*Asks:* 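Here it is, the structure, as C-alpha cells.
Positions are given from 1, in the same order as the sequence printed here. These values consider heavy atoms only, across backbone and side chains, with no hydrogens, waters or symmetry-generated copies.
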Amino acid sequence: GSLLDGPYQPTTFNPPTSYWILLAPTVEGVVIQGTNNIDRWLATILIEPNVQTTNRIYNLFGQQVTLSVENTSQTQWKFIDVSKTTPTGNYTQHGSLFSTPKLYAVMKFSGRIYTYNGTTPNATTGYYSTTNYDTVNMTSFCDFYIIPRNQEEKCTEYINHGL
Ligand SMILES: CO[C@]1(C(=O)O)C[C@H](O)[C@@H](NC(C)=O)[C@H]([C@H](O)[C@H](O)CO)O1
Ligand SMILES: CO[C@]1(C(=O)O)C[C@H](O)[C@@H](NC(C)=O)[C@H]([C@H](O)[C@H](O)CO)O1
Ligand code: NA
C-alpha cells in the first residue's frame with residue numbers, strides 16, 4: 001500500500017522528523033528505546049492484561065533496569081512510556097496507553113517525542129519535550145511501519161482499531 005512504508009525489521013535508526021513509527025510488538029517487554037544522550041532516555045514497555053503490582057527487569061539501553069509495574073486492565077494490554085532525565089537517575093512512568101490492537105506509535109516533531117496515550121478506541125497523542133529532538137536515535141525491538149505526519153489521522157485509526 002501507498003500509505004504505510006514497511007514492514008521493517010527491528011533495527012537501530014535515526015528517523016527523520018514528522019514521521020510516525022507505527023510499532024507492532026508481540027510479547028511483553030521493551031517495545032522501543034531512544035535517547036539524545038543528554039537529558040532524555042526514553043523507552044516504551046508493553047504489559048499484558050491483569051498484572052498485579054510487581055517488580056520486572058527490563059533491558060533498557062544495554063543494562064538491567066528493575067521497574068515497579070502494573071496493569072489493572074482485565075482485557076487490554078498496557079503501553080507505558082518510561083523516562084529518565086539524567087544518565088544516572090531513575091525512570092518515571094508516563095502516558096499509559098490501554099490497547100486492544102497492541103499497536104504503538106512514536107514521532108520526532110517540533111522539539112518533542114510524540115506517542116499515544118489513553119484507552120483504545122479513543123486514544124490520543126501525547127509528547128515529551130526533548131533537547132535536540134531531531135537527533136534522537138531509536139532502537140525498535142519489533143516490526144514497524146513508517147507513516148507521514150500529514151497522514152496522522154490514519155495512524156490514530158490504526159492505534160485504535162488495528163490494521
Ligand atoms: C514516581 O511515580 C511512579 C513512577 O515511577 O513513575 C508512578 C508509577 O505508577 C508507580 N508504579 C506503581 C506500579 O505503583 C511507580 C512506583 O511506585 C515507584 O517507581 C517504585 O519504584 O512510581
Ligand atoms: C514538562 O511538560 C511535559 C513536556 O515534556 O513537555 C508536558 C507533557 O504533556 C508531558 N507528557 C506526558 C505524556 O506526560 C511531559 C512528561 O510528563 C515529561 O516530559 C516526562 O519527563 O511533560
Ligand atoms: Na504513551
Side-chain angles (χ1 to χ4, degrees), residues 15 17-61 65-87 89-142 144-147 149 151-162:
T17 66
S18 289
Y19 284 95
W20 281 106
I21 311 307
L22 181 69
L23 305 143
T26 52
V27 294
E28 60 91 5
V30 190
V31 178
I32 188 168
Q33 69 187 29
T35 186
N36 62 11
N37 294 312
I38 294 166
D39 58 14
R40 194 66 86 173
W41 282 261
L42 212 72
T44 303
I45 63 173
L46 179 58
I47 310 163
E48 71 276 27
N50 301 113
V51 176
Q52 305 168 172
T53 309
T54 186
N55 279 0
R56 279 184 176 182
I57 295 171
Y58 297 99
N59 296 289
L60 297 175
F61 302 98
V65 177
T66 299
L67 298 180
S68 177
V69 294
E70 92 198 295
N71 185 10
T72 55
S73 182
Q74 286 185 5
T75 55
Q76 292 186 303
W77 291 66
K78 188 190 185 173
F79 293 91
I80 305 179
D81 299 321
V82 130
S83 167
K84 76 176 181 181
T85 53
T86 59
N90 279 343
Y91 292 93
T92 49
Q93 296 167 36
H94 313 273
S96 300
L97 172 73
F98 296 93
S99 168
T100 290
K102 252 207 303 179
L103 299 176
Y104 206 60
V106 72
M107 170 175 73
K108 317 206 289 200
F109 180 65
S110 83
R112 299 155 174 185
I113 305 303
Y114 282 84
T115 71
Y116 281 80
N117 44 226
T119 301
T120 66
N122 301 301
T124 50
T125 63
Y127 66 82
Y128 306 91
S129 300
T130 302
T131 303
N132 305 340
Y133 84 100
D134 55 313
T135 69
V136 171
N137 260 269
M138 291 173 195
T139 304
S140 178
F141 296 104
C142 57
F144 65 100
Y145 303 79
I146 311 295
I147 170 157
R149 183 189 166 251
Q151 300 261 40
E152 179 169 297
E153 212 195 79
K154 216 80 174 64
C155 187
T156 300
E157 185 198 303
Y158 290 143
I159 297 303
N160 287 315
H161 303 280

*Asks:* Mind checking the OH-OG1 spacing from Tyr114 to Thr125? Nearest 0.5 Å is all I need.
*Replies:*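 If I round to the nearest 0.5 Å, the distance is 6.5 Å.
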
*Asks:* Looking at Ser68, is its backbone amide N or carbonyl O close enough to the side chain of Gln93 to form a donor-acceptor pair, meaning the two atoms are under 3.5 Å apart?
*Replies:*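 Yes, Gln93 side chain to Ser68 backbone: donor-acceptor pair under 3.5 Å.
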
*Asks:* State, to 0.1 Å, how close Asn36 and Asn132 come at their nearest heavy-atom pair, and which atoms those are.
*Replies:*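 Shortest heavy-atom contact: CB-O, 4.4 Å.
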
*Asks:* Apply the ring pair (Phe, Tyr, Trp, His ring centres under 6.0 Å) test between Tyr116 and each candidate in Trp20, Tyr158, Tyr127, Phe98; give the one that qualifies.
*Replies:*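 By the ring pair (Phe, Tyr, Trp, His ring centres under 6.0 Å) criterion, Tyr116 pairs with just one of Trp20, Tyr158, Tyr127, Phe98: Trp20.
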
*Asks:* Check the pair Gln33 / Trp41 against side-chain contact (heavy atoms from CB on, under 4.5 Å), numbers first and verdict last.
*Replies:* CA-CA 8 Å; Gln33 69 187 29; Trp41 282 261; over 6 Å; no

*Asks:* Got a donor-acceptor contact below 3.5 angstrom from the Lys154 side chain to the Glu157 backbone?
*Replies:*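 No, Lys154 side chain to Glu157 backbone: no donor-acceptor pair under 3.5 Å.
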
*Asks:* Which heavy-atom pair separates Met138 from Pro15 by the least distance, and what is that distance?
*Replies:*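 Residues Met138 and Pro15, closest heavy atoms: SD-CG, 3.9 Å.
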
*Asks:* Grab the two heavy atoms, one from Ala123 and one from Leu97, that are nearest each other, plus how far apart they are.
*Replies:*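 Heavy-atom minimum between the residues: CB-CD1, 3.5 Å.
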
*Asks:* Does any part of the side chain of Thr115, heavy atoms only, come nearer than 4.5 Å to the side chain of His94, both counted from C-beta?
*Replies:*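 Side-chain contact under 4.5 Å: no.
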
*Asks:* Which class fits the ring pair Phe61 and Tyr91: parallel under 30°, tilted 30 to 60°, perpendicular over 60°?
*Replies:*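 Geometry flag for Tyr91 against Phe61: parallel rings.
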
*Asks:* Taking it one step at a time, do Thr124 and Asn117 satisfy side-chain contact (heavy atoms from CB on, under 4.5 Å)?
*Replies:* CA-CA 6 Å; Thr124 50; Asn117 44 226; 3.4 Å; yes

*Asks:* Measure the spacing between OG1 of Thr17 and OH of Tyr19 and express it to the nearest 0.5 Å.
*Replies:*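 Taking OG1 in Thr17 and OH in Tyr19, the distance rounds to 9.0 Å.
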
*Asks:* Is there a side-chain contact between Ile113 and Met107, using heavy atoms and a 4.5 Å cut-off?
*Replies:*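 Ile113 vs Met107: side chains apart.
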
*Asks:* Could you report the tightest heavy-atom contact between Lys102 and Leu46, atom names first, then the distance?
*Replies:*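 For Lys102 and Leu46, the tightest heavy-atom pair comes out as CD-CD2, 3.9 Å.
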
*Asks:* When rounded to the nearest 0.5 angstrom, what distance separates CD1 in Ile32 from OG1 in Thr44?
*Replies:*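 It is 7.0 Å, given to the nearest 0.5 Å.
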
*Asks:* Are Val136 and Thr35 side-chain neighbours, meaning at least one heavy-atom pair lies under 4.5 Å?
*Replies:*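 When only atoms from C-beta onward are counted, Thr35 and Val136 do not touch, as no gap falls below 4.5 Å.
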
*Asks:* Does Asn137 CG have over 12 foreign heavy atoms under 6.0 Å away?
*Replies:*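 Check passes, neighbour count above 12.
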
*Asks:* Go through the steps to decide whether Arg56 and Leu67 satisfy the test side-chain contact (heavy atoms from CB on, under 4.5 Å), and finish with yes or no.
*Replies:* CA-CA 5 Å; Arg56 279 184 176 182; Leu67 298 180; 6.0 Å; no

*Asks:* A side-chain contact here means heavy atoms from C-beta on lying under 4.5 Å apart; do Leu42 and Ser83 qualify?
*Replies:*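 Answer yes - side chains close enough.
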
*Asks:* Within the side chain of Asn71, is there an N or O that forms a donor-acceptor pair under 3.5 Å with the backbone of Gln76?
*Replies:*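 Indeed, once roles are kept as given, a pair shorter than 3.5 Å links the two residues.
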
*Asks:* Tell me the closest heavy-atom pair linking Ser18 and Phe109, and the distance in Å.
*Replies:*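 Distance-wise, the nearest heavy atoms are OG-CD1, 3.4 Å.
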
*Asks:* Looking only at heavy atoms, what is the nearest atom pair of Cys142 and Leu23, with distance?
*Replies:*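 The answer is SG-CB, 3.9 Å.
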
*Asks:* Does the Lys NZ or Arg CZ of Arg40 fall within the cation-pi geometry relative to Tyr128 - under 6.0 Å from the ring centre and within 45° of the axis?
*Replies:*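 That pair does not qualify as a cation-pi contact.
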
*Asks:* Given side chains that start at C-beta, do those of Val51 and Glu28 come closer than 4.5 Å, heavy atoms only?
*Replies:*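 Not touching, per the 4.5 Å side-chain cut-off.
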
*Asks:* Under a 4.5 Å cut-off applied to non-hydrogen side-chain atoms, are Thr130 and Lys108 in contact?
*Replies:*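 No. Closest side-chain heavy atoms not under 4.5 Å.
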
*Asks:* By the definition side chain to side chain contact (heavy atoms under 4.5 Å, CB included), identify the one residue from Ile159, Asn160, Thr100 that meets it with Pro121.
*Replies:*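 Result: among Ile159, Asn160, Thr100, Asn160 is the only option passing the side chain to side chain contact (heavy atoms under 4.5 Å, CB included) with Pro121.
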
*Asks:* If I take atom CG from residue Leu103 and atom OG1 from residue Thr156, how far apart are they, to the nearest 0.5 angstrom?
*Replies:*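 Result: 12.0 Å between the selected atoms.
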
*Asks:* Any side-chain heavy atom of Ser73 sitting closer than 4.5 Å to one from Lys78?
*Replies:*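 A side-chain contact is absent here, since even the closest heavy-atom pair is not under 4.5 Å.
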
*Asks:* I want to check something: taking the side chain as every heavy atom from C-beta on, are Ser99 and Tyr104 in contact at a cut-off of under 4.5 Å?
*Replies:*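 No, too far: nothing below the 4.5 Å cut-off.
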
